[PDB]
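Give the three-dimensional model of this entry:
(7 chains)
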Amino acid sequence: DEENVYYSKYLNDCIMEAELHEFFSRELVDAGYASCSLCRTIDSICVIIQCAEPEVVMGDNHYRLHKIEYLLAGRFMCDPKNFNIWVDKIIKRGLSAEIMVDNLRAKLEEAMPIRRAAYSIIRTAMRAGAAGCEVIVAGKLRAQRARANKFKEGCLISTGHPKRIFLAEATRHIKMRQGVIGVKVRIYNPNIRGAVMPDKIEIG
Amino acid sequence: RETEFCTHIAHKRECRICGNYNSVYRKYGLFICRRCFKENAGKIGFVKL
Amino acid sequence: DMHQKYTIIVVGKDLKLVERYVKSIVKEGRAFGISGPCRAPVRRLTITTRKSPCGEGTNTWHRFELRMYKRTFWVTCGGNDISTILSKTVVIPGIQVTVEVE
Amino acid sequence: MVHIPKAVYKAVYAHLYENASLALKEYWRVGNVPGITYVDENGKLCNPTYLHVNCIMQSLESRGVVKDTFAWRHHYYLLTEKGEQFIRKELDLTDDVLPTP
Amino acid sequence: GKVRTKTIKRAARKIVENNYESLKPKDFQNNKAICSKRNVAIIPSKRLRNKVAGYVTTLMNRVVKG
Amino acid sequence: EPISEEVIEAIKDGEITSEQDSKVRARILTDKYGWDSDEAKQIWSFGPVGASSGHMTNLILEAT
RNA sequence: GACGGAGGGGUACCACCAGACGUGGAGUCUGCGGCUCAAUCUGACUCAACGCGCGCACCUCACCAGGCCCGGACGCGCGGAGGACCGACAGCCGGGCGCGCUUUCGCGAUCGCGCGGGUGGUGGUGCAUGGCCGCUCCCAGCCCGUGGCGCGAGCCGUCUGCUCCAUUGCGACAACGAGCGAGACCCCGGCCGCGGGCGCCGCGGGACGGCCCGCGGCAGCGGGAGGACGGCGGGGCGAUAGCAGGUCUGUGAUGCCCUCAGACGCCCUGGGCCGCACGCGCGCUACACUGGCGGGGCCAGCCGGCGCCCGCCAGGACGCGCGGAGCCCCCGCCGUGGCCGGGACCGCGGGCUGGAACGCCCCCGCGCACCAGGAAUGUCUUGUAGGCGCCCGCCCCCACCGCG
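Numbers count the residues shown, from 1 in each chain, chains lettered A, B, ... in the order given. Next comes the structure:
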C-alpha cells in the first residue's frame, strides 16, 4: 500500500525541531544560541545545540541543562533518561552570524554609536577570515523617520545557489525604546571544507 | 457558567507557531499559518528549486 | 534458530546524508547479508504559499518541496547481529532508520 | 470565581518540583491539563482544569517564584531557586530534597 | 549566439599562455582533456570546463594561422 | 462648569495648585470636594496666565 | 545628482510587425464601486486596487440585536473563617441560563474591599516601526585599488563604434587591473552508461557556437550537417539604490492612545458579511452540422484504493486491502427549425454533510437572453496558443477560483 506513515512521524519530528530552534532562541540567546539538530536512535532523542558559551547553557552542576531537558521532554511527551541534550562549543565565532547578530544586539542596547559597533561586528568576522560582512540596521534610529544604515566591508555575494551555502544571514528584532530596530548581520565565507565557488577557476 | 462556556463545539484549528485560526495549512500534519510557514520552512527543511 | 527477515527503512531529507547512510548499512550488514537498497520513489511534500504576507501586489507564489528520501533494506540475520548493525551504521542526526520484523 | 481545589494546587507543585519545570500549551477553553493527576477524595482519577493550572501559574510567575519562556503557542515555565524554597515548603520537602534533576 | 563571458575568456588565454603544444587547433575533446588535468587547470563544473575548452579551441585555431 | 467655592478657597490656599503631582490634587478633590475622581485626575491646566481660579479638564477616557 | 511637457542612441509580444485565441455585445459566477440596511467588519483604487488579504449556514468574525463571566495577576491598608468567596432544587420572569426573582440550602480562604499596579484587545495610526512581499527591475547597472588629468568638489576606468539575451564581449583608447550584479550555480527534462532494484532510483558522462562553408582583425553574423539534444530547454536565486507601494487584521513583532468589568477582554444564542434601481474588473457557458444527441471502442499524467448489496439517481448499509480521464475515434441519429443549438430562471420531490441549511447533489417539469458582438482593450512563438479533462489548496457541505 502507499500509506507509508513513516513519513508522517519524520515530518512530526522536524516540526518539533523547528519548535526547538524557537524555544532555544528565546532562552539560550544569552548562552550563544546558534542552532539545534534533533537525533532519534532506538526511541531515544538527543539534541546537539551549537553555542558560543556551553558553560552558561550547562549551568553549575548542569542543573540548567537538566531543568531544560525535563521541560523539553515533558513538552514533547518524552521522559527524562529517555532523552538528553548535548551542547557543543563554537570555534571561529565571527563566521557564525547568529552569534554575531546577538553581539550586535547587545552593543546597540548598550547605547554604542551604531557605525562604531557595526564595524566592530564586521572586524570580528574580518578577523575570522570571512571575505566580507554586511550589517544593515533599520528602524527609528534617533529620528521619527526610518532609514536603513547599511555598513559593509570586503566582497559579499547575493545570487545563485552559492548564497545558500557560502553566505550566512541573521536577523534580530532588537526592540529599542523608540519602537523596534532590526539588525541583519550577513557573513560571506568564500572557503569551507566541502563545496567551492562554481565560478572561481584556479588556473595553474 | 460552564453550562454555556464554549458550549458550541467546532474545529478551532489554529497555527501551531502563531495561534491564528485563519488560513491553517492542514495539507498534511502541519497546521502551520500561511504567514507563519514561509518563515520557518528552512527549519522544517522544505526548500525551493 | 530465531531467524527472521528484518526490515530496515531509512528516511533522510538530505540525499547525501541518506546516500552515505546507504553505504553504511551495506558495509555493516555485508557480514550479516544486508539487502541491496530498494529506493522508495521520492515522495515530495509540496506546499505553494503566496510570497506576500498581505495579499496585495502581483501574484507571487512560493513553491516549497520536502523531498524526503526513503531507502529500504531487509536482513535475514540474528537479532544481536541486527543490533550490532544499528550500532555500527553511521549516526547522522535528523535521519530515520526504522526496523520491522517479518 | 475560579475556586481552586487544593488537590490541583498541591498536584502542580509536585509535578513541577519533580521536573523543576512545566510545559503549558496556552489553552483557555474548558479542558484538563495532561500530565497532572489529582486523586479525588473518593479515590477517583482526575485531570486538572487547563484554566485552573493557568490561574495558579499566572500567580506563580507574578509572584516571581518561577520563570517562563514562550514559543509556538506553548508556555515553557521552569523552577527558580526563589520558588524552590516555596515549592518545597508547599510539598513539605526540605533543602536536602532537591528537584529530581 | 552564445557570447563567452570574462571568466570563460580570461582563463582561456591563461591556458594558451601556459600550455601551447598540449591543446590542438580543431580538437574539443583534447582541449577539454588538457584543461581537465586537475591542479594544472582547475575549473569546477563540466559546463564551465566545456565552455573554456571551446574558447581555447577557437583561440588555438586563431594562433595557428598567425 | 462653575468651580465650587470650597475648591477655589483651596486653590488660593495651595491645597490644590497647578504646581503639584497630577494624582495628589485628584485625591484631594475626590476625597473632600466630591469631584468626579477621573475628572480630577485629567485636569489639563489652571487659568488665567497664573494658576488661580479657572480649570481645564479632559474627556471621559473610554473615548480618549 | 534630481528632474525636463529637450536632442540622440538602444531595447521588450506586460511594445509593435505577421498571425493566433480573445474580451468588450447575452445569461450567469465571483470580486469592486455605489445603493440599501440593525449590520451589510474591513483593508486595496493606473501599471504596481477589483477569484486580491487560498471555500463566510455555526465557528471563522473583526459588524449588529441581546445575554453570561472574571479567567483583575502580584504588593500594601482593612475585612473574613462560624464563616472570605461562589455554587443550587422547584416555581415565576426571561429564546434560553439560579441571569435575576421567591425561597432556603449548600460552600470553604482558591479571597474580598480600598489604593496602586497588571494581564489581555482581528481597536486606531503601515504617514512612528521591525519583518516580509509588490514595483522601478519579463533591467543592467553598481563599485574599488593603483596610476593619469583637475587648486578642489571630482572625473577617467564605467567609451556617443561594433557585438549580445545581457556593462555579454570585442575593438578604439590615461588608463591598468579586480569585485558585486549578469553569467556561472541550483532544480526538473530529453539521451548514454554504471550500481542497486516492495516501487525506477542513486551516482557518472554528454554539448562546447565543437565542426564545416561563407562574411568578418575581432567579439561574432547568417547558413550545412552530425548528434536525445544547437546555438539563453519550461523554472529557483537574484545588485546598487530606492519608493511615505501594501501589511499594526499572521505572530508572545512593536512605539504611542493602551479600551480595561453594564468591556473593545472572553464565551453563548439569533442575524449579517452573500443584502440589490444600477456602473465596472477576472471568469464560466453559449450563440451550433469542424455541432448537439444515443450507444461502441479506447487513452493519461500530477500521481493514483476498492469490494459487495440496496437504490433511476443522489446516495445508504455491510465490508475489506487495494486502482485511471476527457478530447478523440467507430456507428447511428437530428437536418438549419432559436431546433435535440443554449441552460438561465422557477414548481414539486429524493438525498447528502452538520447541533442546525440558508450549503450542495440528484430527478421530473419549466427551455430566458444569445444566430459571433460598438468605440476600444488583453495575452501569446513547439509540445506554444488554443481545445480537453484531471488533481490538489482552503473545506462539515460546496470551484464558474487559484496552484499544478
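
Residue of chain C nearest chain A, please.
Per Cβ to the nearest Cβ, residue C:93 is where chain C lies closest to chain A, at 3.7 Å. (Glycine included, C-beta is placed from N, CA and C.)

residues near residue C:17, how many?
The number of residues packed near residue C:17 is 15, by other Cβ atoms under 10 Å in any protein chain shown.

Which of the helices or strands spans it?
Secondary structure assignment for residue C:17, by DSSP states H and E: helix C:15-28.

after that helix, next one along is what?
Trace forward from helix C:15-28 with DSSP H and E and the next one is strand C:38-39.

Residue 1: neighbouring residues, count only.
As the question left the chain open, I've gone with chain A. When neighbours are counted by other Cβ under 10 Å, residue A:1 comes out with 3.

hmm, I had chain E in mind actually
2.

part of a strand, is it?
No - applying DSSP: H, G, I helix; E, B strand; the rest coil, one finds residue E:1 to be coil, outside a strand.

Would you check how far apart the residue of chain D found nearest chain B and residue B:8 are?
As assessed by Cβ to the nearest Cβ, chain B sits closest to residue D:29 within chain D, at 4.5 Å. Per Cβ to Cβ, to the nearest Å, residue D:29 is found 10 Å from residue B:8.

Name the nearest residue to whatever residue of chain B ends up closest to chain D, sequence neighbours excluded.
Relative to chain D, the nearest point of chain B is residue B:6 (4.5 Å; Cβ to the nearest Cβ). Once flanking residues are discounted, residue B:6 sits nearest to residue D:29: 4.5 Å by Cβ to Cβ, 6 or more residues apart in numbering or on different chains.

For residue B:23, see how far away that neighbour is.
For residue D:29, the distance to residue B:23 - Cβ to Cβ - is 21 Å.

same check, this time on residue C:71
The value you get for residue C:71 to residue B:23, if Cβ to Cβ is used, is 35 Å.

Equivalent analysis for residue C:12, please.
For residue C:12, the distance to residue B:23 - Cβ to Cβ - is 31 Å.

With neighbour numbers in mind, choose between the two.
In terms of neighbours (other Cβ under 10 Å), residue C:12 is the more surrounded of residue C:12 and residue B:23; the figures are 22 against 16.

Buried ones in the longest strand seen in chain F, by neighbour count?
For chain F, the longest strand by residue count, based on DSSP state E, is strand F:52-56. Buried residues in strand F:52-56, counted by 16 or more other Cβ atoms under 10 Å in any protein chain shown: residue F:55.

Could I get the CA-only coordinates of it as PDB?
The C-alpha coordinates for strand F:52-56 follow below in PDB (Å, rounded to 0.1, in the frame of the first residue of the first chain):
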ATOM      1  CA  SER F  52      -5.600  80.900  40.000                       C
ATOM      2  CA  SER F  53      -9.400  80.200  39.700                       C
ATOM      3  CA  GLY F  54     -10.200  78.500  36.300                       C
ATOM      4  CA  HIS F  55      -9.600  74.900  35.300                       C
ATOM      5  CA  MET F  56      -9.400  72.900  32.000                       C
END
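
Please give the element, helix or strand, for residue A:99.
helix A:97-109.

where do the helices sit along chain A?
Assigned by DSSP state H, the helices in chain A fall at A:6-27, A:54-58, A:63-76, A:97-109, A:114-128, A:162-166.

Identify all contacting residues around the first one.
Among residues not part of helix A:6-27, those counted as contacts by Cβ atoms under 8 Å, 6 or more residues apart in numbering or on different chains are A:33, A:35-38, A:40, A:47, A:49, A:68, A:72, A:76, B:16-17, B:28-30, B:40, B:43-45, C:9, C:11, C:13, C:43, C:45, C:66, C:68, C:70, C:94, C:96, C:98, D:69-72, D:74, D:76.

Could you check the angle that helix makes with helix A:97-109?
30 degrees (axes from the mean of the first three to the mean of the last three Cα atoms, to 10 degrees).

Let me know the angle separating helix A:6-27 from helix A:63-76.
Using the same axes, to 10 degrees, helix A:6-27 lies at 140 degrees relative to helix A:63-76.

I'd like to know how many residues surround residue 81.
Picking chain A for this. 9.

To clarify, I was referring to chain D.
Every residue meeting other Cβ under 10 Å relative to residue D:81 is counted, giving 8.

again with residue C:7
16.

follow-up on the earlier one: strand partners of the longest strand of chain F, parallel vs antiparallel please.
strand F:45-47 (antiparallel) (DSSP bridges).

show me what contacts residue F:18?
Applying Cβ under 8 Å, 6+ apart, the residues near residue F:18 are F:45, F:46, F:51.

Out of these, flag the one nearest to residue A:99.
Ranked by distance to residue A:99 (Cβ to Cβ), these are led by residue F:45 at 53.0 Å.

wait, doesn't that closest one sit right on residue F:56?
Yes - with contact defined as Cβ atoms under 8 Å, residue F:45 counts as touching residue F:56 (5.0 Å).

Filter the contacts of helix A:6-27 down to just the buried residues.
Of the contacts of helix A:6-27, these count as buried by 16+ other Cβ under 10 Å: A:33, A:35-38, A:40, A:47, A:49, A:68, A:72, A:76, B:16-17, B:29-30, B:40, B:43-45, C:9, C:11, C:13, C:45, C:66, C:68, C:70, C:94, C:96, D:69, D:71-72, D:74, D:76.

In strands only, show me those.
A:33, A:35-38, A:40, A:47, A:49, C:9, C:11, C:45, C:66, C:68, C:70, C:96, D:69, D:71, D:74, D:76.
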